[PDB]
Amino acid sequence: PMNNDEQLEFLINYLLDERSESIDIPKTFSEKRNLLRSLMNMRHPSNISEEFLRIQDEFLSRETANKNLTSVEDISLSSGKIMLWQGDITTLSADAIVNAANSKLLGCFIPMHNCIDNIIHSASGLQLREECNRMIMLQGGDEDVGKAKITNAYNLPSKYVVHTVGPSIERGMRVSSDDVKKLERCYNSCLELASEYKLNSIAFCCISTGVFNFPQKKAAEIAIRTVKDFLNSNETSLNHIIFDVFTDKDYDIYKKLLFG
Ligand SMILES: [Zn+2]
């Protein structure tokens, strides 16, 4: 019964066999780990060995348990039902985390790319892309901006992942009212679906910032307002909405707006 390094070798070797190739297995653990992520990032969704899945799960679950995990009650920075936390969303045991997805909803196919979509899929497992693929098959095509779908979170410490597609801003364009309205719809759709599943806590990433080029201050102002308007006007199971920010800049913006 394999150790941690044998599990990692096994997973890498299986994915390389599937491609009919062979690179030289890197030296350092962290090199091989990055090879695994790349291989996972690129795998188009399809039937896969259950032996692989079992080993993937032991491997990724153990990785999850060796991170420093955060529970919702550990977050000290809060205003009523709203919380603000700077940290890695794959280490937060909210009922649901929000994935800022794209319209194909299969995650990120670019190896090592450090968008949240990539990071979430990398830590969750290949099953997340598969579950997403099925919801695409069933609806008969691509996901529109401003909606929300819920999946299992697999080897993350959260129970569910909620996938939403935000608007993108053309380079050098000002944000328009259409753009704002779409981003409000992302937040609301997430909040409504979480309410319908009776979740207690949900964590948002900064939807549409980064790759989709939405300006960070305006995005925050919209995220905060939409969440607040939703809480002020619905009876909801939700008691904790967490704004999970990764950058120092996002932290400073949300902090000033919520507490400053
Ligand atoms: Zn990406």
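Each position is counted from 1, following the chain as shown.
Determined via X-ray crystallography, 2.1 Å.
Just so it is clear, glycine is given a Cβ too, placed from its N, Cα and C backbone atoms.
Per Swiss-Prot, the feature ADP-D-ribose binding site maps to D88, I89, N102, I116, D117, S208, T209, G210, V211, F212; the stated evidence is experimental evidence. Positions annotated as Zn(2+) binding site by Swiss-Prot, on the basis of experimental evidence: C108, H113, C115.
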Of the binding-site residues listed as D88, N102, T209, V211, the one whose CA lies nearest the CA of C115 (Zn(2+) binding site): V211
Binding-site residues close to ligand 1 - of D88, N102, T209, only those whose C-beta is under 6 Å away: none
In the chain carrying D88 (ADP-D-ribose binding site), residues 6 or more apart in sequence that have Cβ under 8 angstroms from it: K67, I119, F246
Pairwise CA distance, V211 (ADP-D-ribose binding site) versus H113 (Zn(2+) binding site), rounded so that it is a whole Å: 11
8 Å Cβ shell about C108, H113, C115 centroid, Zn(2+) site members excluded: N41, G107, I110, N114, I116, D117, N118, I119, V211
Between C108 (Zn(2+) binding site) and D117 (ADP-D-ribose binding site), the C-alpha gap once rounded to whole angstrom: 6
Length of the line joining the Cα atoms of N102 (ADP-D-ribose binding site) and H113 (Zn(2+) binding site), in Å: 14
